[PDB]
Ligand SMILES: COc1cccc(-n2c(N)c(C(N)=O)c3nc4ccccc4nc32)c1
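Consider the single chain below, provided in structure tokens and representing the form solved without this ligand.
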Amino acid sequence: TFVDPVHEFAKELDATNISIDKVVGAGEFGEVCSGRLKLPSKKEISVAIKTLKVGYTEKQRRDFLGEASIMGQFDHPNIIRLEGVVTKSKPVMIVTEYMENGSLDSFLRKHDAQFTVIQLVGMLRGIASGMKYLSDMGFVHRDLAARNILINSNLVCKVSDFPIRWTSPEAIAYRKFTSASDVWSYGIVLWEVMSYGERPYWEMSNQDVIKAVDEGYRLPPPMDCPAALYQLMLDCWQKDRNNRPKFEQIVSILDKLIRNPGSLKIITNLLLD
């Protein structure tokens, strides 16, 4: 079980063991970079590093480290791993799993139509597995989107980041956030992946995204989308949250498609469903 919140769930790292190799850019609370971490066993691994800006407010420190207090509760191959934090020296740091290929949406946009359907299904299965664990822990993510999934050198996708286009109708209507609203979001991620990082609902007015979805309109099948995967999207997007599949069912559906890849050969403006 997830507990709503830092040293209970995060290792305090010795800064001597951290080296910075590359500055990536600015983040919400400070800089973002990558480098190397020397583990207690002397093994050296690549890591993502983010720092808290100099002259931070106490609120900024709390919100920054709050990420680590959440992330550190999870240990799963499809959830970004927290290596630890540095708080006893400044700048304050959060050190996480290095993901060579960055955010999934931007990665797929660079590779439009360049992966096999089985490669894409593997990415999607990883995301679903991570979400099955999060939901098993009672954690509702509320921001599940391809931009919040990171992808490593071997194309393994992992949930990271601990709005309207990704949010279920009931969560928009009255803030009813449940694991079933995360399943809705997963359906949107599924569309994002099969579309190679197209923006869900493009740049439709937010009011129109809300109204169209409420009226029963759904995102159309991506080009060359397997029927099985478009149906899975529609199932994730059921108006009645009780009729959406559970994450365990989504994982099982994708596993069957991986086991029977011939199934993917059956191929399927908003569409009224």
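Quick note: we count residues from 1 along the sequence shown, nothing fancier.
Same protein, other form: the form solved in complex with this ligand, not shown, and the subject of what follows.
Stretch 24-32 is the contacting one of 37-45, 24-32, 239-247, 220-228, since its residues have non-hydrogen atoms within 4.5 Å of this ligand in the deposited bound form. The single contact residue among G138, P163, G102, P77, judged by any heavy atom lying within 4.5 Å of this ligand in the deposited bound form, is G102. Just one of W191, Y201, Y98, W184 comes within 4.5 Å of this ligand in the deposited bound form, counting any heavy atom, and that one is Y98.
At a distance threshold of 4.5 angstroms between non-hydrogen atoms, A171 is out of contact with this ligand in the deposited bound form. Residue contact with this ligand in the deposited bound form: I94 places a heavy atom within 4.5 Å of it.
In the deposited bound form, this ligand lies within 4.5 Å of some heavy atom of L150. Though the partner is left out of this view, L232 does not reach within 4.5 Å of this ligand in the deposited bound form, counting heavy atoms only. Residues are counted as partner-facing when one of their heavy atoms sits within 4.5 Å of this ligand in the deposited bound form; in 48-69 these are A48, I49, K50, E67, in sequence order.
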